[PDB]
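Heads up, the thing below is written out as structure tokens.
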Amino acid sequence: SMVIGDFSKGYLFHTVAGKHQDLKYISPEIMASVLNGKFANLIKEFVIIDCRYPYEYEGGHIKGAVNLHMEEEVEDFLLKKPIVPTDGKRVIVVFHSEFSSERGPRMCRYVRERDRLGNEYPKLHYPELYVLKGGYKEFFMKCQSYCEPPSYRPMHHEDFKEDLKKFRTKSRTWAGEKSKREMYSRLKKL
Amino acid sequence: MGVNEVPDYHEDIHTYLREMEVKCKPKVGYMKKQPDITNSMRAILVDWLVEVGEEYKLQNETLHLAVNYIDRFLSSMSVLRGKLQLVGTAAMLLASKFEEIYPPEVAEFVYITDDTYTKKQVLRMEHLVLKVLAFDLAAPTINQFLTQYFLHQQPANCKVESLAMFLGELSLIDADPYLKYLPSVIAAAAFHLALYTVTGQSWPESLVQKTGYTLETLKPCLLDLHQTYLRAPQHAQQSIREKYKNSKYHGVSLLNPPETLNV
Amino acid sequence: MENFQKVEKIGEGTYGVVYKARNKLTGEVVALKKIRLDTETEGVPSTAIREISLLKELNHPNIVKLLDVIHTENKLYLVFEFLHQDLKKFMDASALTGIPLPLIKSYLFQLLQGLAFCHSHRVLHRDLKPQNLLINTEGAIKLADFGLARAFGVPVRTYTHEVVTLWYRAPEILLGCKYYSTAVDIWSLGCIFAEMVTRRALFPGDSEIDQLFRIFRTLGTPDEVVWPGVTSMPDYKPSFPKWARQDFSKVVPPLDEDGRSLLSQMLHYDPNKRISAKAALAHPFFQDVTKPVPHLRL
């Protein structure tokens, strides 16, 4: 609600209402100010995971963003070697996608679930997760200065359609295999 | 037991299924209207579908639904011989998409097809089947009624259930004369035949009240089911007998049918 | 298609975006739901197939209406009757003064009738949440978004595990039960019921473990007496905290004794002992149910 996942302090960023009530959103103005040096002392690390497909990543992205379009990639990047925090500073992780409606929220939920699984309640490695409100489109419209290269490549472009279909197939296959493995593990010890 | 057996809606669900099975019933004797395929090709296709479902470990409900879709599609559409398998594949695909938690991909359905049809052809046929059936993919089957009937046996006997399933699947191969019987009647006849074969019992008195089926009105279907249970070893299509020889089905196809029916 | 004149469009991006259109010839307002098949490498999706198959049989005043389906080799259009707003928007607009208790009673009565109709036709909604409940100006609330719906058997088999939204997921799904049934939907309603009374989510968890801990904190940690067989569940751990059950007077203050009893019966741990939609309609809570008209600020 109004406290971070480990129930130790409130959310630092000015939260904005979003489509999903589960997550906490931030409008592009907050991240534009953050990239402009507004919370240097109060933030240790600022991670901006670009949950879009790589062909979208090459077509324009936020400065300092990392493209992680697969759950395994995000788990490798964030949880295998967690960014250890300390007193007086916080680690904030911001997810986003083209519209921040399907992919970015899904990655945020997956990161929270995997962080909960790998720790002891209620300790979390990344207690502060945000989703950029409106997706990359609104950030491009309002903060085109920070988007290198200054371009916008839609997911449903007339080009890269084969790449989009291949990436969707890979995501579907991974999800199905994980679900089947979990189902077998559950039914073997019911 | 409990909410798993749906004690508040089981009677409502059964009445709804009884009213629905009439609507989803294929036209009796549609093979005469077909000028290129006969019942032998249909039997071969259903046997191949049984083998395909055994290959991918699909549910029996998937096979029953696929056969229902094939019959309904053929009852209103005329197809050539070389396309018949295609429609079967399509129906199977659709049935999986309606039943399986993890249905096989379209690539697998093209694979078991043995590359006589392409992926685009399979998708086109799936679209055609969906258009012809008008998206009426939720149809009562013999499995759906047998599963409800199995709750009325005391004590429970998995051999009886497996034999009833085996007989209900045997009824799928031959369009003659199981196209003139509703799934509930075939399920009742199969359950009674399994009970008589295994434990020597008969059609329960708690089920004649629930379904209204007495042993007198089940006789026309019971005679045919007994006849093709006796003739199962000599049938040209033997995939169901091989499938039900496994230990998971308690080897029900290896049992001996009763010499005569005490009806 | 060309027959329907698109007027308004809601749904950001290409994610099941819906269009409020008007019929060109008869002047009927409808909602077009778009499904892409050119981008779908495996034909028509299973969710769309199930939704169209199961919504063509569910004809109830409290279930959304599938007027027509426009079938094309590259596009699929589901035509629904137009309803102004979902229940989440209504609660957000009525977040200051709250939904009046007679309106909550009428909405719960209508939702229970719709769920009873769904369950008597072997359909499991499995996606019940305020975003899927559509209200109108006259004062009728209807179930919607049957994409996750499924037709079950008697008795049920093992179905899809990852179904209900985590906030409204039953404890039997969270604990990895082999079989779930209609009692999965009723739990959702119970949660929605609380969300209508307290104007906030009853169990707002961010993960399965957090959701289970919130449920345990509010309703007490289950044991073999309350929920027989709970200790042998695949996803149950003997290291769970031993919390105590909170009295419902503080959980839902505005509710009276009858409302509290109905909510407690809807949120029963044991799926066998959980109330059903048909048996909930006979509860004394609905003795004086009347249908008011929402103000519809938005």
Side-chain angles (χ1 to χ4, degrees), chain A residues 1 4-7 17-24 97-103 105 108-122 124 127 129 133-138 154-156 161-162 164-166 168-169 172-173 175 178-180 182-188, chain C residues 10-11 13-17 36 38-42 45-46 86 88-89 91-92 95 129-131 157-163 165-168 173-179 195 200-201 203-214 216-217 229 232-237 239-241:
Chain A
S1 70
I4 59 174
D6 53 38
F7 313 131
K19 179 196 180 267
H20 304 86
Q21 24 186 12
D22 199 347
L23 321 163
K24 283 91 203 168
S97 58
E98 170 149 11
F99 298 115
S100 281
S101 63
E102 193 217 275
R103 288 180 297 196
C108 188
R109 282 197 263 275
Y110 179 80
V111 171
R112 178 50 60 103
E113 170 85 56
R114 300 297 314 178
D115 197 6
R116 290 261 182 218
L117 263 154
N119 280 95
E120 54 165 343
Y121 199 86
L124 284 171
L129 310 183
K133 179 59 163 60
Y136 177 62
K137 154 185 266 188
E138 301 218 3
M155 183 176 282
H156 279 107
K161 188 91 174 216
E162 279 260 301
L164 153 74
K165 279 178 77 94
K166 191 215 72 145
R168 286 243 207 123
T169 300
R172 202 228 319 124
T173 312
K178 164 162 160 305
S179 185
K180 295 176 81 150
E182 287 195 314
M183 183 163 237
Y184 171 95
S185 301
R186 240 182 301 111
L187 289 212
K188 81 187 177 193
Chain C
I10 50 136
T14 54
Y15 307 92
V17 52
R36 294 180 180 276
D38 58 329
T39 89
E40 259 274 321
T41 165
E42 306 210 354
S46 178
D86 40 327
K88 189 182 81 170
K89 278 178 92 278
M91 291 201 258
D92 289 6
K129 44 192 208 155
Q131 306 84 231
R157 326 177 335 241
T158 308
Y159 298 136
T160 290
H161 190 256
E162 52 272 320
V163 277
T165 276
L166 181 72
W167 279 13
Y168 312 91
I173 308 194
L174 299 166
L175 286 180
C177 261
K178 213 181 122 189
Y179 303 126
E195 204 172 330
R200 65 169 52 96
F203 309 125
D206 48 57
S207 33
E208 269 178 305
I209 185 49
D210 189 36
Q211 178 76 12
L212 267 177
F213 276 23
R214 291 182 174 280
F216 293 177
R217 228 139 58 206
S232 95
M233 304 231 172
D235 284 344
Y236 182 89
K237 294 137 142 174
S239 57
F240 279 160

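We name chains A, B, ... by the order of the sequence lines, and we start the count at 1 in each one.
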### Query
Given a strict heavy-atom distance threshold of 4.5 Å, which part of C:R36 is in contact with chain A: side chain, backbone, both, or neither?
side chain
### Query
So, for C:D210 and A:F7, which heavy atoms are closest and what is the spacing to 0.1 Å?
OD1-CZ, 4.4 Å
### Query
How long is the gap from CD on A:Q21 to CD on C:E195, to the nearest 0.5 Å?
6.0 Å
### Task
Give the intermediate values and the outcome of side chain to side chain contact (heavy atoms under 4.5 Å, CB included) for residues A:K166 and C:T41.
CA-CA 9 Å; A:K166 191 215 72 145; C:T41 165; over 6 Å; no
### Message
Testing the basics here: between C:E162 and A:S179, what is the closest heavy-atom pair and its distance to 0.1 Å?
### Response
OE2-OG, 3.0 Å
### Task
Tell me, for C:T165 versus chain A, whether the close heavy atoms (under 4.5 Å) come from the side chain, the backbone, both or neither.
neither
### Task
To the nearest 0.5 Å, tell me how far C:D206 CG sits from A:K24 NZ.
7.0 Å
### Message
Test of understanding: with salt bridge (charged side-chain N to carboxylate O under 4.0 Å, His left out), list the residues that count as partners of A:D6, not counting sequence neighbours.
### Response
none
### Task
Working to the nearest 0.5 Å, report the span between OG of C:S207 and CG of A:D115.
9.0 Å
### Query
How many angstroms lie between CZ in A:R116 and CD in C:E208, if you round to the nearest 0.5 Å?
13.0 Å
### Task
Would you mind telling me which of A:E98, A:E113, A:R109 has the largest number of heavy-atom pairs within less than 4.5 Å of chain C?
A:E113
### Task
Examine whether an atom of C:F213 lies under 4.5 Å from a heavy atom of chain A, and if so say whether it belongs to the side chain, the backbone or both; otherwise answer neither.
side chain
### Message
Going by salt bridge (charged side-chain N to carboxylate O under 4.0 Å, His left out), name the residues that satisfy it together with C:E42, two or more places apart in sequence or in a different chain.
### Response
A:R172
### Task
Please report the shortest heavy-atom distance between A:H156 and C:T14, naming the atom on each side.
ND1-OG1, 3.1 Å
### Query
Taking every heavy-atom pair that is under 4.5 Å apart, which of C:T39, C:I209, C:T160 has the most such pairs with chain A?
C:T39
